[PDB]
Every structure is written in structure tokens, then in C-alpha cells.
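K.L.:
Protein chains in written order, with PDB author numbering: chain A, 0 to 305, 310 to 576; chain D, 0 to 118; chain B, 1 to 241; chain C, 1 to 130.
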Amino acid sequence: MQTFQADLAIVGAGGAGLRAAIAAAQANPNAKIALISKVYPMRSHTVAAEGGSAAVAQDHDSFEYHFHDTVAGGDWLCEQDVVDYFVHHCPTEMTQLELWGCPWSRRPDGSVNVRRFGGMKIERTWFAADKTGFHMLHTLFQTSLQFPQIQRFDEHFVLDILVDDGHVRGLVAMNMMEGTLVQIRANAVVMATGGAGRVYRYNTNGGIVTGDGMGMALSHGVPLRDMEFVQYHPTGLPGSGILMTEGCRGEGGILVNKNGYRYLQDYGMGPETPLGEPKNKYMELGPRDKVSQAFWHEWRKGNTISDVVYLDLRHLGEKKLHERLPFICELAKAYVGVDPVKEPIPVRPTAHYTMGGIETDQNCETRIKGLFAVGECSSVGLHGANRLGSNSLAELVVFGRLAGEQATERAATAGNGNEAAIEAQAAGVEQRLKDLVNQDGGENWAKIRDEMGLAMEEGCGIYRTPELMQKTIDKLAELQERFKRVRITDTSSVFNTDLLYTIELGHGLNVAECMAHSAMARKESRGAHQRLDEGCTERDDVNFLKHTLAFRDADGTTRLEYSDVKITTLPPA
Amino acid sequence: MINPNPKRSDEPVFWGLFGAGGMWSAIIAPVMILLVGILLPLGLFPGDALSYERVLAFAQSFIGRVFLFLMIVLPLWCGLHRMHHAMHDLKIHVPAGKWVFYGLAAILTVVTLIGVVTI
Amino acid sequence: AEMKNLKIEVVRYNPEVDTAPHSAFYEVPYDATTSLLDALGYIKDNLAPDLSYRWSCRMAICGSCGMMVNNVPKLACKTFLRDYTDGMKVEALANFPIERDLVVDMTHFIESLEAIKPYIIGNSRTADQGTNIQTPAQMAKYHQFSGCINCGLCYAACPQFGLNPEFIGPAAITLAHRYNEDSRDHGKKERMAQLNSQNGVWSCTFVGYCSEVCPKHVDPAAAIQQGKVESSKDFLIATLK
Amino acid sequence: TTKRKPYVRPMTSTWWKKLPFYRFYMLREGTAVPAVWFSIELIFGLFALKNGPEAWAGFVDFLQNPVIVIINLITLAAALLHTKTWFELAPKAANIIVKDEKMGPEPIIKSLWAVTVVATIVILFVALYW
Ligand SMILES: *Cc1cc2c(cc1C)nc1c(=O)[nH]c(=O)nc-1n2C[C@H](O)[C@H](O)[C@H](O)COP(=O)(O)OP(=O)(O)OC[C@H]1O[C@@H](n2cnc3c(N)ncnc32)[C@H](O)[C@@H]1O
Ligand code: SF4
Ligand code: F3S
Ligand code: FES
């Protein structure tokens with residue numbers, strides 16, 4: 000295997016990864032950092048973020064109101080020592096993005112505007128029209144071009160990490176164009192590979208958000224925290240799953256049923272607000288989950304349109324629509340055939356974000372020394388049972404920086420390891436790839452993909468039942484058997500996506516089992532995680548104010564442990 | 000792969016003339032072809048407006064010699080630019096193509112400058 | 001009901017086996033929501049598993065999608081079969097080396113874009129001092145030129161690029177332009193060396209197809225042109241001193 | 001040795017024949033031929049004008065040909081197409097903010113056509129009403 004030395008590797012060039020690479024180049028000018036990704040960095044899912052990013056800005060805001068909005072928004076599953084560090088560093092990283100040229104939409108006086116998201120009383124979401132992810136992933140990718148320390152491995156598919164005696168030592172990636180494998184040696188590795196939202200049939204995510212970074216951590220005894228909390232975006236286009244930003248409601252937009260009723264007052268987010276002034280925490284700007292749940296209840300009463312609801316924004320106006328929701332306009336026009344100026348937009352909830360991810364302390368380090376996780380792939384303990392809309396993107400750069408700094412120190416005190424052991428690991432990834440290539444059986448990977456999506460969607464949905472969950476545990480374990488009979492009929496080496504997608508699926512099965520098993524075990528209702536059965540329809544801070552850790556043993560059994568929530572100032576109640 | 004220290008080109012000179020030339024023949028050429036190419040030989044003008052004595056009475060005045068040089072020379076530096084590049088576009092290898100075209104332009108420029116100081 | 005079918009012609013190529021491009025034809029079900037990207041996924045699921053192509057986001061913002069459709073450069077995930085009932089023909093994005101199927105060697109694209117320095121240069125302001133102040137007025141100077149998703153359709157548009165693969169390109173020129181015109185940068189002189197090159201703006205003949213295929217209405221043809229103005233000012237400057 | 005085969009598609013001197021937008025682009029640079037032919041013509045008439053009314057009368061005899069009246073009509077075609085297209089593409093060379101908004105090109109294409117109408121009127125009036 001060809002080898003190249005690095006002071007640290009970063010897997011994933013999303014917002015998280017790239018910020019980590021910068022910081023890591025900015026903390027050690029002589030470092031030789033290896034940033035790797037299976038897609039060119041500007042194709043990362045980050046680019047699809049439309050809402051905004053959160054940091055305290057106005058003179059009447061306070062770190063405490065963001066602290067509170069995050070803790071409460073998360074049903075107290077949040078490591079309150081992590082949420083504290085978070086809101087205290089959001090201002091500096093949004094500013095640093097602006098110092099790097101991110102075109103934040105502006106107040107007339109030259110200052111950065113802010114709008115309101117996630118049910119946060121004080122508005123504190125910075126934005127660049129409704130393209131904010133796009134402006135944020137590029138500012139970071141473009142700004143990174145100036146650090147020779149950053150060496151990229153564009154379109155390298157990282158297969159596995161090398162671990163030995165509880166420390167990480169590198170990774171094995173395939174050069175996707177050449178179809179050759181490559182060994183990258185480095186004494187800190189920073190996972191930044193995104194969520195696992197494509198394990199759902201209908202999702203908001205691109206084709207690459209298949210979970211690979213989580214699944215790698217499963218294989219080395221790292222545990223996925225809190226994976227049962229899958230947040231559903233309330234407004235996605237039917238069929239496509241395409242996401243319609245909240246910023247359709249932070250601008251005054253309304254959600255109606257088949258009777259034109261703004262049904263959301265009937266479910267605790269009353270009273271109704273006037274067309275003109277949307278008010279935070281109310282109506283269409285309610286609690287995320289509730290705004291999704293209320294779709295389910297409406298579908299029970301039969302009040303959906305044959310099944311969708313409607314997001315009306317007509318009463319927004321041409322200037323306002325085209326100045327702050329351009330993208331949303333064209334997206335409606337092309338995939339559902341709707342002018343957001345003439346007509347209303349058909350939407351319904353869609354799998355969106357994975358709260359859960361690789362377990363990390365407050366340095367984004369995992370249990371393995373030197374291996375870190377940051378970004379949607381991780382669970383630094385920031386979002387608990389339900390992510391505050393617009394907190395995600397801030398996470399990427401707040402903790403991205405940390406990871407970048409922390410990986411940089413860790414590799415600088417790491418000390419050598421057993422060479423024969425390590426290379427024997429590398430040789431071990433290689434063999435496994437061969438075993439997959441020679442595996443036969445005439446099972447069609449794509450058909451397994453489609454069922455795993457239907458199962459997660461049916462058993463791990465908005466509302467959950469022990470019988471359907473069990474049926475999805477059962478379906479997935481059946482799928483885990485069938486995967487071993489998949490035959491990779493394409494044997495080429497130059498950009499062989501038949502092989503690669505099969506690899507991404509085997510990460511999905513693993514990560515999805517963790518979700519299923521984790522939900523079936525959590526006998527309560529908290530955040531995204533809602534249970535209809537008796538004795539589990541409300542929050543239970545006596546028996547379950549604790550994180551779900553999921554492990555996977557080598558026998559393929561998905562085992563659970565639990566850990567305590569750090570409380571600091573905001574005790575549950 | 001891509002150079003680090005490329006040679007600053009010289010196209011901002013020609014592109015400058017071709018710019019000036021392209022803008023003159025957009026405002027003025029249409030009326031010039033009308034008059035000279037159509038009216039004049041069709042006699043579609045009142046009296047003796049476009050008669051030998053009047054045209055020589057205009058050409059020999061100062062404002063006329065300036066306008067007759069600009070009318071001729073500026074579109075030349077614009078057309079021949081476009082031809083030079085039409086060559087590359089059509090994949091037609093013309094040896095010393097920069098000299099041919101642009102030398103023709105200076106040749107004709109001198110030739111017309113000779114003419115507007117009169118033969 | 002019963003879905004219609006469309007004979008899609010896709011241009012295949014495997015460098016371990018063909019001597020050059022080898023055509024194909026697939027029957028794809030479709031209705032009024034099916035994209036080309038929906039079709040490529042279907043073919044690979046049930047017709048030809050060895051078919052490769054870039055993609056991800058599914059909503060015309062990522063830019064990996066790029067490829068020719070009846071010899072027009074367009075993004076597959078914004079191309080819909082409803083408009084190709086009398087014939088369709090997907091070919092790998094033009095003016096690029098073909099590596100495999102619908103995937104092309106984007107190396108020159110990335111090096112170009114890397115060669116104009118697209119990042120804030122020379123602004124000593126540090127995060128503690130708060131953000132820069134920039135009006136919507138200063139921002140409208142460059143905002144349209146910032147929407148580029150690095151998809152490459154204009155390189156397949158541009159016939160000059162096809163004639164001169166050393167031309168740095170419309171995108172790359174637009175990007176360097178996007179930083180010249182941002183009131184926060186102070187590094188125009190670090191970029192002019194590339195823009196003043198024969199492979200700079202001066203390899204552009206204002207064919208205008210670039211902006212015509214831009215799926216994000218950036219108007220690169222407008223940036224380059226403005227760059228020839230600037231390149232020229234700089235010519236003037238330098239030459240005159 | 002790698003396993004690649006970077007297939008390079010070749011570009012023919014007939015690339016512009018495919019796509020209409022390409023063709024309109026050849027046509028628009030094609031207006032370069034009638035424009036220099038007219039500048040050749042004017043140089044003729046110039047030096048005929050100097051060689052006395054005997055030579056100038058020869059020149060007007062040429063302009064009447066009338067194959068030369070068809071060619072000079074094609075030339076008046078080409079010069080219009082140029083004006084139409086040159087006016088559309090000029091405004092892109094400018095970057096103008098008018099209350100926080102990049103403007104053009106319509107206000108610039110409007111003014112250029114206003115000037116040529118006024119130049120055409122003042123030129124027709126000076127060479128004909130006297
Ligand atoms: C999908 C989505 C998410 C989203 C959103 C809208 C949509 C449609 N809107 C948001 C919003 O308004 N506000 C907000 O706070 N968040 C919003 N989100 C969520 C957020 O965008 C994402 O959760 C976050 O951006 C994730 O980014 P991250 O840096 O963590 O990484 P990524 O962009 O998802 O990219 C993954 C990277 O990893 C590489 N990769 C993947 N697998 C591999 C393998 N096997 N080997 C090597 N590299 C790998 C990818 O190539 C990429 O670089
Ligand atoms: S200007 Fe448009 S076509 Fe060119 S790369 Fe940018 S987004 Fe793509
Ligand atoms: S097609 Fe080409 S010549 Fe310039 S305006 Fe566009 S890059
Ligand atoms: S899927 Fe993002 S560009 Fe086509």
C-alpha cells in the first residue's frame with residue numbers, strides 16, 4: 000500500500016472538517032495535514048443549508064438566552080457544560096467567517112442582519128439570503144486554499160481507520176479514480192463525515208450522507224450516543240423530500256390543512272398570530288417536533304390534502324420573497340410546479356438530521372486516544388433529544404475549530420506505536436475489501452437499500468410503537484444477513500461506484516440498527532423520540548435522563564449502555 | 000500544471016482599439032452605409048447634397064478630414080481584430096497572423112492618413 | 001395507473017475495456033417529476049449496475065451533476081425527461097477528458113480556481129474587533145458573481161476553452177473578480193498576473209454561451225468583460241508609468 | 001502503471017455548426033467582413049475624390065453597379081446586427097450600483113439606441129438639407 004505521512008488527518012471536508020483543517024493549519028504552521036473526502040469539498044451536504052447560523056448578536060440578547068433555548072429545546076439531554084462553551088464561541092466564529100468574506104445579508108448600516116429560527120425568543124440567526132450553507136461551505140473551502148499545510152485527497156473514499164492499543168494511527172482510503180488503496184499515517188484523526196439521514200427512504204439529504212464515519216467508529220468499539228433522536232423537518236416536498244427552509248415561516252409563512260385552517264393552534268402552539276407578524280415559539284414557529292406531530296394528528300382527523312399540508316407565503320410579497328427566499332422560490336417552481344407568489348406549496352415532514360453520533364467528550368475526542376469527532380457525525384452533547392434549528396451550522400465551526408486545535412495538540416504529544424501491528428491492520432482492511440469484492444450471492448444491493456429506507460421510515464418515524472420498532476429491528480437484522488449475499492457485479496477500478504455504494508449501505512445497516520435498538524429501548528417520550536404505548540407517552544426524568552450509548556460487538560450484536568447528563572445551572576423541570 | 004508567473008499579454012492594446020472601433024461603427028456606420036452605399040448611387044437625395052462639389056467641399060474641411068479618418072480607420076481596427084480571432088475560432092493557421100491583420104490595419108491607417116491630408 | 005417509458009441514450013466508456021466511447025440505450029419509466037438524475041439512478045438499480053456518475057444534493061446547489069443533454073451543458077438533477085420524448089442523449093460534460101462513463105477529469109477546473117487566489121487578502125481586522133462594515137451597496141458590487149456552485153457547465157459551453165484548454169476559464173475569472181470587487185479584500189494585485197495572461201481574460205471572445213447555461217444566473221461573461229476593463233486599466237497603469 | 005484512459009474528445013473547426021447559439025456567435029463576428037469592405041470602399045472614394053471629378057464620377061458608377069448595391073445592402077444588414085448585438089454586450093463591461101442593486105443592462109441598451117437615433121438624424125440632416 001502506498002503510504003504518506005501527516006501530522007493529522009481529517010476525514011470529511013464539510014464545514015466541520017474544513018474549519019478543523021484551517022485551525023489545525025493555523026495552530027501548527029509546519030503541520031502537514033491530510034484533508035480527505037470522497038467528493039470535492041464544495042459538494043458536501045453543508046452546501047444545502049438554507050436557514051442560517053446562530054450566535055448572540057443584538058444588544059438585548061445574552062449567552063444565557065441561547066444557553067436556555069438550546070437546553071430546553073433539547074429536552075434536557077444536553078451536556079450543559081458543552082452547551083455553555085458553544086454559545087460563548089458562536090459570536091467569534093460567525094465574525095471570523097465574515098472576516099473571511101462570507102456575504103452575510105446586511106442591515107442598511109453595514110452591520111449583519113439576523114433573523115429568527117428554531118423557536119428562539121431573541122433572533123440571532125445570521126444569514127446570506129436563503130443560501131447560507133452555500134455561502135458558508137464555500138467561504139471555508141475557498142479560505143482553506145491558502146494553507147499549504149492542508150494537503151487534499153479529493154475523491155478518496157476512506158475505508159477504515161487503523162487502531163492499536165487504544166490509540167489511532169492513520170487510515171486506509173481508496174483513490175476513487177485510480178481504484179488503488181492508500182495509507183495515511185497520522186497521530187490524530189478528526190471524523191467529520193456527517194449524519195446518516197439517507198438510511199431513511201425520504202430524507203432532506205444528498206446521496207452521500209450515508210453514515211460512513213459513524214459506522215467506522217462502531218467497528219472500533221466507539222459508541223453512537225443518542226442515535227434514537229431523528230429530527231423530522233416539518234416542511235419537505237412530497238416524494239422528493241426536498242427541504243423548504245423554515246425561513247419560509249420566520250418570514251411570516253403559514254401552514255394550513257385541507258380546510259385552510261391553521262391547525263397548529265389546536266395543538267398547544269396557539270393562539271393564532273396575524274398574517275403580518277409571526278411570533279417566536281408560536282404557531283408555524285413552534286417547537287420543531289410539535290409542528291411535525293401536528294401533521295400526524297391532522298392526518299388522523301383526515302384534514303390533509305391528498310398526503311400533504313400547505314405552506315402559504317403569498318402574503319410575503321415579491322421583494323421579500325426574492326430578497327430572502329430566492330432559492331425556495333425556484334425549488335417550489337421546479338419540483339412541485341408552484342409559484343410561492345401565486346400558489347401555496349405542498350409539504351409534509353421528512354427525515355432530516357441525526358441528533359446522534361460518535362460519542363465525544365468536551366474536546367470532541369472519543370474513547371480512542373487521538374480519534375476525534377466533530378460535526379453532524381459526532382455527538383459532543385450539544386443538541387440532546389432535539390436540535391435547535393440554526394444551531395447545527397454554528398456547531399460545525401465552533402467545535403470544528405476545537406477539534407482542529409485539539410487534534411493538533413494530541414498528535415504533538417502522541418508518541419510512536421507498534422509498526423508491525425499497524426501495517427497488519429492496514430493489511431486487514433485490504434483483505435476485507437477483497438472479501439467483499441469476491442463475495443457472491445446474486446442479491447441486489449439497491450433493493451436492500453430501498454427496504455432499509457422503508458423500515459426506518461415505518462418503525463423509527465414521528466410516532467413510535469414497540470410493535471413497529473420491533474418489526475424494524477427484525478427487518479434490519481434480516482437485512483444484515485442478506486447483505487452478505489450481495490454480489491458486486493462491477494469489477495472495474497476507475498471510479499467504480501457500484502462497489503462504493505455497496506460499502507455505504509453496509510454502514511447504513513449498522514447505523515440504522517443502532518437507531519432502531521436505541522429507540523426500542525428508550526421507554527419514554529422525549530424530544531424527537533415519541534412513543535404511543537402505555538407508560539412511555541411522556542418524559543421520565545427519573546428513569547431516563549441519561550444518554551443512550553449504542554455499541555456493536557464483533558458478533559454483530561447491537562448492545563446498549565447508558566451515561567449521565569451533566570447539569571450545571573439549569574436543572575430539569 | 001498551471002503557470003505561476005505568466006507573461007502579461009498585449010491584447011489590452013488591440014482590445015482597446017477594437018473597443019473604440021466597435022463603438023464607432025455601432026452608432027455611425029448605419030447612417031454612413033445608408034448615405035454612401037445606397038442614397039448617393041440611387042440619387043435619393045435633395046438637389047446637389049451628394050454631388051462632387053459638395054462632397055469635396057466637406058472632405059476638404061477640418062471636421063471632415065477628422066471624421067473621414069475616424070470613419071475609415073476605427074472600423075478597420077475593429078473588423079481586423081475580429082478576423083484575427085475568427086481565424087483561431089475556425090482553426091485556420093495563418094502564419095504571423097498578428098502581423099498580417101494588424102499590419103494591414105496600420106498599412107491602411109497610414110494609407111488613409113495620407114488620404115485625409117489629401118493626395 | 002401505468003407509467004410511460006422513454007428511450008434514453010447514454011454515452012458509456014470504461015477505460016479498462018473500450019478504445020473509446022461506447023453508446024447505450026435504456027428504457028426508463030417516467031412521469032412529470034422524473035429527472036435525468038432519477039433516470040440514472042433507476043438504470044443503475046435495475047439495468048446496468050456498472051454505470052457511474054457524480055451527484056449528491058438532488059436540488060441544484062451542489063454542482064457535481066454536470067453533463068451534456070442533447071449537446072447542451074446542463075445539470076441532470078434539474079433536467080427532466082418530460083422534455084425529451086422525441087429523443088435524449090446524455091454525454092459526459094464536454095471539453096473535459098472522460099475518465100469513466102459520465103465522470104470527467106475536473107483537475108484543470110480545480111487548479112484554475114486555485115490559481116486566482118479566491119480568499120480575503122490583506123485585511124488586518126481580527127475577530128475581536130467585530131465584523132467588517134459593508135453596505136448592501138458595496139455588496140451588490142459582487143453579490144451576483146458569488147453564486148457559483150463550481151459545476152462546470154460553462155467550461156463545456158465555452159468554445160474558447162475547447163480550443164485552448166490552458167484558458168483559466170469563465171468560472172475562475174468570475175471568482176477572482178468576485179474578490180476584487182469586495183470592499184473587504186485588498187489583494188487585486190495578487191490576482192492580475194493570471195487575469196492579464198494570454199490564458200486570462202484575453203483568451204475570451206465574448207461568445208456568451210457561458211452565462212446562457214449558468215444554472216445560477218451568475219453571468220460570468222459579465223465578470224470577465226469587466227475584467228478586461230480592469231486588466232486594461234492595469235495595462236494602462238503599468239505601461240504609462 | 002495506472003488503469004486509466006483519459007479519453008480526450010477532439011474539437012473540429014466545425015464546432016460552431018452544431019448549436020444555434022454558437023452560430024449566431026459566428027454570424028456576429030461575421031459582421032467583421034462587411035465592415036472592412038466598407039472601409040476599403042471609403043478609401044477608394046477618398047482617393048477618387050482627390051483625383052478630380054473625373055475619378056469621382058467613376059466611383060459613383062461603381063456604387064451603382066448594382067451588384068455593389070446588393071453587397072452594400074448586405075453591409076447595411078451586417079452593421080445593424082452588429083449595433084443590435086454590440087449594444088447588448090457592452091453593458092456587461094460595467095458594474096454599477098443604484099441604491100444597493102446592480103443595475104443594467106436595460107438602462108444602458110436604452111441610452112445607446114437613443115444616441116444612434118440622434119446621431120442618425122443629425123447626420124442625415126447635415127448631409128442632405130444643405
Ligand atoms: C441536509 C440539510 C441539512 C441542514 C439544512 C438543510 C438541509 C437540506 N439546513 C440547516 C440550517 O438551516 N441550519 C442548520 O443549523 N443546519 C442545517 N442543516 C444541517 C447541517 O447543514 C448539517 O448537519 C451539517 O452541515 C453537516 O456538515 P458536516 O461538516 O458535518 O459534514 P457534511 O457537509 O455533512 O459532509 C460530509 C463530509 O464527509 C465526507 N465523507 C463522507 N463519507 C466519507 C468517506 N467514506 N470517506 C471519506 N470522506 C467521506 C464527504 O465527502 C464530506 O466532505
Ligand atoms: S458560473 Fe455557473 S456554470 Fe460557471 S461554474 Fe459557476 S455556477 Fe457553474
Ligand atoms: S463562452 Fe467563452 S469567450 Fe468568454 S464569455 Fe464565455 S468564457
Ligand atoms: S445534485 Fe447537487 S448539483 Fe445535481
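Note that beta-carbon positions come from the ideal geometry of N, C-alpha and C, so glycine has one too.
If you drop the 5 nearest sequence neighbours on each side, which residues of the same chain put their C-beta closer than 6 Å to that of residue 202(A)?
P.N.:
For residue 202(A), where only same-chain residues beyond five positions count, the Cβ hits under 6 Å are 196, 240 and 354.
K.L.:
Per DSSP, residue 169(A) forms a beta bridge with which residues?
P.N.:
Bridge partners of residue 169(A): 161(A) and 184(A).
K.L.:
Relative to the alpha-carbon of residue 35(D), which residue among 56(C), 32(C), 113(C) and 23(C) has its alpha-carbon at the smallest distance?
P.N.:
Out of 56(C), 32(C), 113(C) and 23(C), 56(C) has the C-alpha closest to the C-alpha of residue 35(D).
K.L.:
Once the 5 residues before and after residue 281(A) are set aside, which same chain residues still bring their CB inside 7 Å of it?
P.N.:
So the list reads 268 and 272, once near-sequence residues are dropped.
K.L.:
For ligand 4, I want to know if residue 112(B) counts as a neighbour, meaning its beta carbon is within less than 6 Å of at least one of the ligand's heavy atoms.
P.N.:
Result no, Cβ not under 6 Å from ligand 4.
K.L.:
Anything in chain D within Cβ reach of residue 284(B), meaning under 7 Å, just list it in chain order.
P.N.:
Beyond the ends of chain B as shown, which are 1 and 241, falls residue 284(B); an answer cannot be given.
K.L.:
May I ask you to check if the CB of residue 22(C) is nearer than 6 Å to at least one heavy atom of ligand 3?
P.N.:
Answer for residue 22(C): no, Cβ out of range of ligand 3.
K.L.:
Looking at the C-beta of residue 98(A), does it have a partner C-beta in chain B at a distance below 7 Å?
P.N.:
Output row for residue 98(A): interface = yes.
K.L.:
Who are the near neighbours of residue 233(B) in its chain, counting only those whose CB is closer than 7 Å to its CB and skipping five residues on each side?
P.N.:
Cβ within range, chain order: n/a, list empty.
K.L.:
Is residue 91(D) close to chain B, meaning its C-beta is less than 7 Å from at least one C-beta of that chain?
P.N.:
No - not a single Cβ of chain B is within 7 Å of the one on residue 91(D).
K.L.:
Rounded to the nearest angstrom, what separates residue 78(A) and residue 569(A) at their Cα positions?
P.N.:
Going from the Cα of residue 78(A) to the Cα of residue 569(A) covers about 5 Å.
K.L.:
Taking the continuous beta strand (DSSP E) assigned at residue 235(A), which residues delimit it?
P.N.:
Taken as a continuous stretch (DSSP letters only), the beta strand (DSSP E) holding residue 235(A) covers 229-235.
K.L.:
What residue range is occupied by the uninterrupted beta strand (DSSP E) comprising residue 354(A)?
P.N.:
That run of the beta strand (DSSP E) goes 348-357.
K.L.:
Using the beta-carbon of each residue, which ones in chain A are nearer than 7 Å to residue 45(B)?
P.N.:
Within 7 Å Cβ-Cβ: 449.
K.L.:
Check residue 156(A) in the structure and name its three-state DSSP category.
P.N.:
Correct three-state label for residue 156(A): strand.
K.L.:
Does residue 496(A) get closer than 7 Å to chain C when you measure Cβ to Cβ?
P.N.:
Judged by the 7 Å Cβ criterion, residue 496(A) is in contact with chain C.
K.L.:
Roughly how far, in whole angstroms, is the beta-carbon of residue 249(A) from the beta-carbon of residue 115(A), given that I think they are within contact range, below 8 Å?
P.N.:
So it is a contact: roughly 5 Å between Cβ atoms.
K.L.:
Here's a check: name, in chain order, each residue in its chain whose Cβ is nearer than 8 Å to the Cβ of residue 130(A), leaving out the five neighbours to either side.
P.N.:
The residues are 49, 329 and 330.
K.L.:
Using a Cβ-Cβ distance cut-off of 7 Å, determine whether residue 46(A) contacts chain B.
P.N.:
Chain B contact via Cβ: present.
K.L.:
What is the residue span of the beta strand (DSSP E) that residue 24(B) lies within?
P.N.:
Here the beta strand (DSSP E) through residue 24(B) covers 22-30.
K.L.:
I need the residues with a C-beta less than 6 Å from some heavy atom of ligand 4; please give them in chain order.
P.N.:
Spelled out in chain order, the answer is 55(B), 56(B), 57(B), 58(B), 60(B), 61(B), 62(B), 63(B), 64(B), 65(B), 75(B) and 77(B).
K.L.:
Check the Cβ of residue 101(D) against every Cβ in chain C and list those closer than 8 Å, keeping chain order.
P.N.:
Residues of chain C passing the Cβ test: none, with the nearest at roughly 13 Å.
K.L.:
Show which residues of chain A have a CB atom less than 7 Å away from the CB atom of residue 118(B).
P.N.:
Within chain A, the residues near residue 118(B) are 141 and 144.
K.L.:
What are the partner residues of residue 375(A), as DSSP defines its beta bridges?
P.N.:
189(A) and 368(A).
K.L.:
For residue 500(A), tell me which candidate among 83(B), 3(B) and 100(B) has the shortest Cα-Cα distance.
P.N.:
Cα-wise, what sits closest to residue 500(A) is 100(B).
K.L.:
Kindly confirm or deny that the stretch 343-358 of chain A and the stretch 154-170 of chain A touch, where touching means at least three C-beta pairs closer than 8 Å.
P.N.:
Flag = no, the stretch 343-358 of chain A and the stretch 154-170 of chain A do not touch.
K.L.:
When you compare the stretch 178-192 of chain A with the stretch 477-487 of chain A, are there three or more beta-carbon pairs, one atom per stretch, that lie closer than 8 Å?
P.N.:
Verdict: no, contact absent.
K.L.:
Any heavy atom of ligand 3 within a distance shorter than 6 Å of the CB on residue 210(B)?
P.N.:
Flag set: Cβ of residue 210(B) near ligand 3.
K.L.:
Anything in chain D within Cβ reach of residue 21(C), meaning under 9 Å, just list it in chain order.
P.N.:
None at all; the shortest Cβ gap to chain D is about 14 Å.
K.L.:
With a floor of 3 residues, list each beta strand (DSSP E) that falls wholly inside the stretch 50-113 of chain D, ordered by position along the chain.
P.N.:
As far as the stretch 50-113 of chain D is concerned, it has no whole beta strand (DSSP E) run of at least 3 residues.
K.L.:
Of all the residues that make up the stretch 66-88 of chain D, which are near chain C by a beta-carbon distance shorter than 9 Å?
P.N.:
Here the close residues are 67, 70, 71, 72, 73, 74, 75, 77, 78, 79, 80, 81, 82, 84, 85 and 88.
K.L.:
Give the C-beta separation of residue 32(A) and residue 149(A) to the nearest angstrom, bearing in mind that I take them to be a contact with Cβ-Cβ under 8 Å.
P.N.:
Correct: roughly 5 Å between the Cβ atoms.
K.L.:
For residue 14(D), go through chain B and note every residue whose CB falls closer than 8 Å to its CB, in chain order.
P.N.:
Going along chain B in sequence order, the residues near residue 14(D) (Cβ under 8 Å) are 202, 228 and 232.
K.L.:
Interface residues of chain C around residue 462(A) at Cβ under 9 Å?
P.N.:
What residue 462(A) touches in chain C: nothing, since even the nearest Cβ is about 43 Å away.
K.L.:
Helix, strand or coil for residue 144(A) per DSSP?
P.N.:
Residue 144(A) falls in the coil class under three-state DSSP.
K.L.:
So which of 321(A), 474(A) and 194(A) has the shortest CA-CA distance to residue 357(A)?
P.N.:
Comparing Cα positions, the closest option is 194(A).
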